[PDB]
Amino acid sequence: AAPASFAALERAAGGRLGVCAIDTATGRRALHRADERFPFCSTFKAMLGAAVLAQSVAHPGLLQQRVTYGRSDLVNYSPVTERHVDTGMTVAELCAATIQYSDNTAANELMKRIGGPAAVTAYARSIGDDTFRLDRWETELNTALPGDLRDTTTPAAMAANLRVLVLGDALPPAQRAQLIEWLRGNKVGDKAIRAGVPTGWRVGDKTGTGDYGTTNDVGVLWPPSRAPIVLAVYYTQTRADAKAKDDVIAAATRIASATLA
């Protein structure tokens, strides 16, 4: 009954689905529109966290630096930063808030510190990603307009980034461990990739949502007795009034897992 392929799922759900899944042992892939651009929405916060950690290699005091912001700096959906207007937060605390809870002000404050959307894009280029482009700030970067190139990447490009960042040597070991810790601690993605993997699998991931019913999730999956799988899922719909489909990512995850079994 449930669609059994990425193409069948895309037909059943409507809209446009993009998947890149990599079995890091065999190199086998599960792919659908893997080289098409999608609005990445909050999945970029994985790259933002990596960019902050990379700057912390030359400036090891960066994570400790205290950032003070005001009421008028708050943007929509700031569940952690709205509690610390008076005290400020450290750069590390902002990274944790933006990756684990997808806190939006936290992302904007981190970007102010490190050089804005251009700095995240430059970091992407530095790890071999010529595709990723971050152009705007929260929450405008989630407008997800059909055809718009702003704030997009491809499933394949993001999957390649996750592979080198989590399982490769793009970051030194301490920063690599920190990025993995933050991704494993996603608290707001229970219905996405995490709902579509078999029990016993461990997940580190970053979700995203936006306008045009956009729902994304990217991460690394550790099965109990097998090499990890890198998985990037992007999904967006045709109408501005579209509602998020909170089950499409989990369905795509089941299909990717079956293909790579």
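Numbers for residues come from their place in the sequence shown, where the first is 1.
Visitor: Mean Cα B factor from the PDB record: higher for 147-155, or higher for 79-87?
Guide: Per the deposited B-factors, the answer is 79-87.
Visitor: Test of understanding: from the entry's C-alpha B-factors, which stretch has the higher mean, 36-44 or 60-68?
Guide: The deposited B-factors put 60-68 ahead on the C-alpha mean.
Visitor: Pick out which of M111, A122, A97, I127 has the highest C-alpha B-factor in the PDB entry.
Guide: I127 has the highest C-alpha B-factor of those listed.
Visitor: Just to confirm, going by the entry's C-alpha B-factors, which of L167, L141, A106, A92 comes out highest?
Guide: Answer for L167, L141, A106, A92: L167, with the highest C-alpha B-factor.
Visitor: Going by the recorded CA B-factors, say which third of the chain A252 sits in, lowest, middle or highest.
Guide: For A252, the deposited C-alpha B-factor lands in the middle third.
Visitor: Consider only the C-alpha atoms of the modelled residues in this chain, order them by B-factor as the entry records it, and name the third containing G204: lowest, middle or highest.
Guide: Its C-alpha B-factor, which the entry lists for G204, ranks in the lowest third among residues of this chain.
Visitor: Is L171 in the lowest, middle or highest third of its chain when residues are ranked by C-alpha B-factor?
Guide: Within its chain, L171 is a highest-third residue by C-alpha B-factor, going by the deposited values.
Visitor: Where does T26 sit by CA temperature factor within its chain: lowest, middle or highest third?
Guide: As the PDB entry reports it, the C-alpha B-factor of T26 lands in the highest third of its chain.
Visitor: When the modelled residues of the chain are sorted by Cα temperature factor, does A195 land in the lowest, middle or highest third?
Guide: Answer is highest: the recorded C-alpha B-factor places it there.
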